[PDB]
Structure formats: C-alpha cells, structure tokens
Number of protein chains: 2
Amino acid sequence: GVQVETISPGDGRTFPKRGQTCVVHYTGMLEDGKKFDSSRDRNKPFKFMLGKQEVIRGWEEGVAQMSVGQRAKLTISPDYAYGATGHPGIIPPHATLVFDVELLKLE
Amino acid sequence: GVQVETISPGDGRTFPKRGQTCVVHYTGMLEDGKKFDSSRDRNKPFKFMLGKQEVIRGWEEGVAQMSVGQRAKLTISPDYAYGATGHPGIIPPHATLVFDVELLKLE
Ligand SMILES: C=CC[C@@H]1/C=C(\C)C[C@H](C)C[C@H](OC)[C@H]2O[C@@](O)(C(=O)C(=O)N3CCCC[C@H]3C(=O)O[C@H](/C(C)=C/[C@@H]3CC[C@@H](O)[C@H](OC)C3)[C@H](C)[C@@H](O)CC1=O)[C@H](C)C[C@@H]2OC
Ligand SMILES: C=CC[C@@H]1/C=C(\C)C[C@H](C)C[C@H](OC)[C@H]2O[C@@](O)(C(=O)C(=O)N3CCCC[C@H]3C(=O)O[C@H](/C(C)=C/[C@@H]3CC[C@@H](O)[C@H](OC)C3)[C@H](C)[C@@H](O)CC1=O)[C@H](C)C[C@@H]2OC
C-alpha cells in the first residue's frame, strides 16, 4: 500500500476531495535515495485530480491523507506503483518508490 | 504471474530470444470476456522486443514461452499488468487481464 511519514505538518483541517486539483512539489527516488525525477528541479509544481486514474494508486491514497501545507514521505509498494514491469528506462521491476511530497494548495 | 493456455500449437522449436522482434496479433479482454483492445481490429500486427520494458511483464514472460505459429490465452495477474492503478479510462484497479495472442513471426 502506501505509508505516509510526515516531515512538516499541514493545517490538519483541509484534506483533498475528489474533484479538487492538488498542486504539489515532489521528488521521486528509489529506496536507497537515488533520485529519478523532481518537479522542484523544473521549478514548476505538478497538478492532478483525485478520482480520475491520473496518478499511481499509492499517490491517490497517500495524498488524500495529507492536509494543505504538509510535507511527507510516501513509501509506495510496487503493486501501488509500476509492479513487476517498472517504468521503461527509469524504474526497475518490483521497485518500492519513495516520494517527498509537499501539498501546496487545492484548487 | 502469467498462465499460458494453448489454443493452437506452435512449431515447438522457435521460441523468442531477447533482441528479436516478436510480431503478434492480440485481443485484450477482462476476465468476463469484455474486449478493450485488439490489433486484429486495426488489421495491423503489433511488434515489440523482449528485454526493453516495452510491454507489461506478463507479456514478457508469457510470450517467451510460446513458439512461432502458436495461439494462446495469457491470463495475467494485476501485479504483472497495471496493478492497483489500472490504465486510465480503460482498465480498472486490480484487474486480471486475458490476452488472446498469436505469435506470427520473429524478426
Ligand atoms: C500522457 C502522457 C504524459 C503524462 C506526463 C505528465 C503529465 C508529466 C508528469 C510530471 C509525469 C513525469 O514526467 C516527467 C514522470 O513522472 C515520473 O517520473 C514520476 O515521478 C511518477 O511516478 N509520477 C509523477 C508524479 C505523480 C505520481 C507518478 C504518476 O502517477 O505519474 C503518472 C503515470 C506515469 C501514471 C501511469 C499511467 C499509466 C498507468 O497504467 C500506470 O499504472 C501502473 C501509471 C503520470 C502523471 C501520468 O498520469 C501522465 C503522463 O504520463 C514517472 C516515473 C514517469 C512520468 O513521465 C511519464
Ligand atoms: C509511448 C506511448 C504510446 C505507446 C503505444 C503503442 C506502441 C501502441 C500499442 C498498440 C498500445 C495500445 O494502443 C492502442 C494500447 O494497448 C492496451 O490497450 C493493451 O492491450 C495492452 O495492455 N498492451 C498492448 C499489447 C502489449 C501488451 C500491453 C502493453 O505492454 O502495452 C504497453 C504499455 C501500455 C506499457 C506500460 C508502459 C508504462 C509502464 O509503467 C507500465 O507498467 C505497469 C506499462 C505499450 C505497448 C507501451 O509500451 C507503448 C505505448 O504506450 C493498453 C491497455 C493501452 C495501450 O495504449 C497506450
């Protein structure tokens, strides 16, 4: 599934609802910390909506547990990410992924 | 994983090697037989290579067990396909997929 470990607390009040746009900054890394992607490096937040199969399930269920302003590490098992296939040229088969996610706002 | 059940036998001699192009016709369906895609409908075989994360793992391991001319049903568990996420707008979360695959040739 997904484990959510908090780096900095959110407002403890505003949690994402299906049909809102979540605006986040993320860094994705393998379990040993190797970075494969980050929106912080592009200086451009990533936006997505819950309920539309727009993100891997680990994100759909991890970000729904965060409130605005929170920064958390989401550790996602392979079945909630790219499974036995991986993602071509970036993520190996059976990889647990770690995302450092900051939920900046909801629109 | 993947289960391979044969509809028509292949030559029992020529099995796909990494670095060959497999030329196939396929029909993909959910477990109840609902069709979501077929190359047969486009009259255009699908081609791919083993060893390059070009296909879901269930195909990488299922087609490697088929010889040329064989037609088989590959039943693939979600972790060897799209897992808990599914494929946006086409495949639901946690879906076992069934592919009717004919291995036409290797190039
Ligand atoms: C339409 C095509 C381009 C479109 C691309 C963008 C909007 C740019 C957006 C910043 C993606 C990044 O581009 C630099 C890059 O992000 C990664 O590096 C990454 O960190 C990651 O894992 N992310 C991104 C952050 C949200 C979680 C997760 C995701 O959910 O990503 C989603 C993902 C790949 C889901 C697949 C969908 C197919 C399902 O079958 C499968 O289910 C198993 C899961 C992305 C958002 C797709 O919905 C949308 C796209 O693909 C991937 C390693 C590869 C991906 O490039 C493609
Ligand atoms: C570059 C972009 C376009 C590029 C599209 C084509 C060459 C056209 C090709 C006929 C695809 C079909 O287009 C009508 C259509 O085929 C399906 O309908 C389908 O029957 C299927 O399941 N197939 C196709 C037959 C081989 C097995 C499997 C697959 O392995 O498909 C692969 C797949 C989606 C793998 C993801 C890759 C990301 C990993 O993270 C994830 O790992 C969990 C698995 C396809 C071949 C990709 O490698 C290449 C592409 O995407 C999918 C339901 C959705 C897919 O449309 C996209």
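For ligands, and for the atoms within them, numbers begin at 1 and follow the listed sequence. Order of the sequence lines fixes the chain letters, A, B, ..., with proteins taken first and strands second; residue numbering starts at 1 for each chain.
For the residue pair B:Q70/B:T6, the side-chain donor-acceptor check at 3.5 Å is satisfied.
Between A:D100 and A:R40, at least one side-chain N (NZ, or NE/NH1/NH2) sits under 4.0 Å from a carboxylate O, which counts as a salt bridge. Contact check on A:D41 versus A:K35 returns a salt bridge, with a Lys/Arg side-chain nitrogen under 4.0 Å from an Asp/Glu carboxylate oxygen.
Among residues at least two apart or in separate chains, there is no salt bridge (charged side-chain N to carboxylate O under 4.0 Å, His left out) pair with a member in residues 83-94 of chain B.
For the side chain to side chain donor-acceptor pair (under 3.5 Å) test, no residue two or more places apart in sequence or in another chain qualifies with A:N43. Every residue was checked against the side chain to side chain donor-acceptor pair (under 3.5 Å) condition with A:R18, not counting sequence neighbours, and none meets it.
Near ligand 1, residues A:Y26, A:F36, A:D37, A:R42, A:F46, A:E54, A:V55, A:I56, A:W59, A:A81, A:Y82, A:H87, A:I91, A:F99, B:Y82, B:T85, B:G86, B:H87, B:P88 come within 4.0 angstrom through at least one heavy atom.
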